[PDB]
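[1] one piece of my complex first, more on the way:
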Amino acid sequence: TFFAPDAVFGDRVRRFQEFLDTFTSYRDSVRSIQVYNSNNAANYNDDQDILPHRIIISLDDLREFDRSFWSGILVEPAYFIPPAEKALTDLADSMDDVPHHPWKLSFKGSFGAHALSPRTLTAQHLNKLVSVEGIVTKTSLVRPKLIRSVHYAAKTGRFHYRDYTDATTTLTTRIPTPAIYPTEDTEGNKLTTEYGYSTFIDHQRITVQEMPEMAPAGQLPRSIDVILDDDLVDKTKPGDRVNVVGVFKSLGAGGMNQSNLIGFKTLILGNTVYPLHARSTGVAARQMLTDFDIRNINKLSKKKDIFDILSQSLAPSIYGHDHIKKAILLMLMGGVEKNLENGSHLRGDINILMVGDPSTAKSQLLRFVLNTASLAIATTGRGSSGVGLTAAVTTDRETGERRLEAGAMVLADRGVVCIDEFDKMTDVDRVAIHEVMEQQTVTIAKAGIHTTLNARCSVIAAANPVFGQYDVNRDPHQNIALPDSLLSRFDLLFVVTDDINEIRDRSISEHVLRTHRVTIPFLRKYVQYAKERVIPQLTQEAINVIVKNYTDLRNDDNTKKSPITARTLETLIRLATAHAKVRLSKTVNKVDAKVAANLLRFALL
């Protein structure tokens, strides 16, 4: 600022300008931001009558371009990042030329040895750039921080201002300036504070501990503190798998100054943060779509046989049961989750129960779903050692003296839960599920907390017949061994049989041998665009079908093998709506109701 820039800085700038001149992808992107802000500014300014100023750099573009500048960011970021942002802050002034703040950087890619788990983040290579992967373990209450303070000198109507700097605003150890908050003017007058002409920024620290499946298990966790400036504050939450990049500063002067041992305070200045996805995580896969990927979906969406092949392509590892995995595919699609005006929300999620002879795929099918649903969590049921899959214990020692944490089902707020060995799971959870299933709300009433939290999520149940095996010559209710309301709460109950034979059993050997000796990645991208864009309204061509069938089964099935209730009316709507989503249909059609009937014919008879 006040000192005269030396060539060791002036070069770094103009050298970085030849990079951005070469890779226009960044020059047009910063422009694309001030396109967006001015459209909103015009929207605010010119109808009533932002994006947080950072760019991600692919480090692959530096390696081939400027080898010593590659090593500079990694080995000496404090001498190479402040000038690169100083270039961009004048590139931004070059792209715009409308009338009239900082601009900042972020990175992506491979850092070699410098990407390491906090198990091996050590007091070697402190100042170097680092990447760390792990669980975000807690987050601090996002405090506002002072930078500029503003005052009024009422004797004159002048305004005065003061500006603050500290250990976390520059990578280099700027000379400290412990300035004093001005309660009196230089002349001696009184002052008052113009709160909100002053400016503020969010401070947060989050503490990351090593990812538990890579961890050499048995050892203790080890964790380090990451400080986030204004931007990334909103994009971390405890328990998610997170990668951070930053500078592992070693600040203060403990021991050697003041008096006495424990060494320097070590932390990362977070300049990039990404959530990432791993098994049983609180975030979706969220694959990006090209304008090409959408083209393939639209080629498919009007072919009159996709649902049969798509239903099959799920699980080549398993033979048969197309009639079931049809429905599990429909669970990924779900309903429309209609929320009514001045009256309570109405369920969209379809919840499925699998039961059958213990030889079957019940435990294995769920590891397709858990591996290929957008968001899923798996629970054993018995072994939910907290309150359950939903609620949690609540206590604190930190400054606020209370905190909350969420169970699996509150974390899985929209997606999937895999529940298996379902009838092991005790009444304490089952009666809590009766709260959830058709209300999708959770209530607790501890000493301090008396409040309602959402759980708009979908369930697979897997169960075993209590007698060890079942066959249809034994009356078909008592084998279910659950309260009749749960047999209502779950929407489709499928009974899988293997009283052995030979004819079908013949083919199985060569299919398994072929299995030891359409595809998955498109389904995710097929489902999410369908989920995001498509919201089928009903159509009269199908509203009659759901009345004909539902009204007949209550005459027939109440004289036969299964119960029928007004609960199973709406399950017809959801399943019809789901198949229309498979069609990407802007509206429901009669064919979807005929499919809804078919799935229940197989499930009931």
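    Structure received. Residues are numbered from 1 along each chain as shown, chains lettered A, B, ... in the order given.
[2] could you check how far residue A:122 is from residue A:226?
    Residue A:122 sits 17 Å away from residue A:226, going by C-beta to C-beta, to the nearest Å. (C-beta placed from N, C-alpha, C; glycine too.)
[3] what's the burial count for residue A:337?
    Close neighbours of residue A:337, defined as other C-beta atoms under 10 Å, add up to 16.
[4] pull the contacting residues for the most centrally placed residue in chain A.
    With distances taken as C-alpha atoms, centre = their mean, the residue of chain A nearest its centroid is residue A:283 (2.0 Å). Applying C-beta atoms under 8 Å, 6 or more residues apart in numbering, we find residue A:283 in contact with A:240, A:241, A:275, A:276, A:277, A:375.
[5] filter the residues you listed to the buried ones?
    A:240, A:241, A:275, A:375 (16 or more other C-beta atoms under 10 Å).
[6] report the two of the residues you listed separated the most.
    Spatially, the most separated pair among the buried ones among the contacts of residue A:283 is A:241 and A:375, at 12.8 Å (C-beta to C-beta).
[7] so what sits against both of these two?
    Joint contacts of residue A:241 and residue A:375 (C-beta under 8 Å, 6+ apart) are A:281, A:283.
[8] so residue A:233 sits in a helix?
    Yes - secondary structure assignment places residue A:233 in a helix (DSSP: H, G, I helix; E, B strand; the rest coil).
[9] and it, how close does it get to residue A:433?
    35 Å.
[10] when those two are compared, which one has more neighbours?
    A direct count of neighbours by other C-beta under 10 Å for residue A:233 and residue A:433 places residue A:433 higher, at 23 against 20.
[11] then add chain B to what we have above:
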Amino acid sequence: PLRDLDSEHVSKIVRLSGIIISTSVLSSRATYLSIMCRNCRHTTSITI
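    Placed with the earlier chains, chain B looks like this:
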């Protein structure tokens, strides 16, 4: 054995055995630090 440790031979080399209970944190200590006077604008270095 620790039972035979004594104020005798303080700061000699000692050979002893046991079980490690715990391993704490990899605290950070200096070995080179460079230092400036905030008023003299004057630089030195210290090594340990």
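[12] show me the beta-bridge partners of the closest residue to the residue nearest to the centre of chain A other than its chain neighbours.
    Sequence neighbours aside, residue A:275 is the residue nearest to residue A:283 in space, at 5.0 Å (criterion: C-beta to C-beta, 6 or more residues apart in numbering or on different chains). Under DSSP bridges, the beta-bridge partners of residue A:275 are residue A:242.
[13] give me every residue that touches residue A:275.
    A:235, A:236, A:240, A:241, A:242, A:283 (C-beta atoms under 8 Å, 6 or more residues apart in numbering or on different chains).
[14] could you measure from the last one over to chain B?
    Spelled out, it's residue A:283. 29 Å (C-beta to the nearest C-beta, to the nearest Å).
[15] for that residue, phi and psi?
    Backbone torsions of residue A:283, given as degrees, to the nearest 10, read phi -140, psi 150.
[16] quick one: it from residue A:416, how far?
    For residue A:283, the distance to residue A:416 equals 13 Å [C-beta to C-beta].
[17] which bits of chain B sit near chain A?
    Within chain B, the positions near chain A by C-beta under 8 Å from any C-beta of the partner chain are B:22, B:23, B:25, B:26, B:27, B:28, B:29, B:30, B:33, B:38.
[18] of the residues you listed, select the buried ones using a ChimeraX command.
    Buried subset of the residues of chain B next to chain A, written as a ChimeraX selection, criterion 16 or more other C-beta atoms under 10 Å in any protein chain shown:
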select /B:28
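[19] which two of the residues of chain B next to chain A have the greatest separation?
    Checked with C-beta to C-beta, these reach their widest spread between B:22 and B:38, with 40.1 Å between them.
[20] further, place chain C onto the existing structure:
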Amino acid sequence: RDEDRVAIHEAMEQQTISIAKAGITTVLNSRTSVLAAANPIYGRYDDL
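    Below, chain C sits with the chains from the block before:
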């Protein structure tokens, strides 16, 4: 024990253990074989 068995009862056939406590949501590879020993005691048929 019932809380023990249900995990191994899965890990013997899908070689992972999935945990659902609020604190952390792990799914960790077991990667184990089992050699087991058991007794025929109470082979005598009754239900109670």
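[21] for chain C, which segments count as strands?
    Ranges of strands in chain C, per DSSP state E, are C:16-18, C:27-29.
[22] ok, the first one: who's next to it in the sheet?
    What that stands for is strand C:16-18. For strand C:16-18, using DSSP bridges, the partner strands are strand C:27-29 (antiparallel).
[23] ok, residues contacting the strand it pairs with?
    For strand C:27-29, the external contacting residues (C-beta under 8 Å, 6+ apart) are A:212, A:213, A:217, A:279, A:280, A:370, A:378, C:15, C:16, C:17, C:18, C:19.
[24] again, 10 Å this time
    A:212-213, A:215, A:217, A:278-281, A:367, A:370-371, A:376-378, C:11, C:15-20 (C-beta atoms under 10 Å, 6 or more residues apart in numbering or on different chains).
[25] so which bits of that strand are buried?
    Buried residues in strand C:27-29 (16+ other C-beta under 10 Å): C:27, C:28.
[26] list the contacts for the most centrally placed residue in chain C?
    Centroid-nearest residue in chain C: residue C:8, 2.1 Å away (criterion: C-alpha atoms, centre = their mean). Residue C:8 is in contact with C:17, C:30, C:32, C:34, C:36, counting by C-beta under 10 Å, 6+ apart.
[27] buried subset of those?
    Buried members of the contacts of residue C:8, scored by 16+ other C-beta under 10 Å, are residue C:17.
[28] now do the contacts for the residue nearest to residue A:536 when sequence neighbours are not counted.
    What sits nearest to residue A:536 in space, not counting adjacent residues and going by C-beta to C-beta, 6+ apart, is residue A:580, at 3.9 Å. Contacts for residue A:580 (C-beta under 10 Å, 6+ apart) come out as A:333, A:336, A:530, A:534-539, A:542, A:586-589, A:591-593, A:595.
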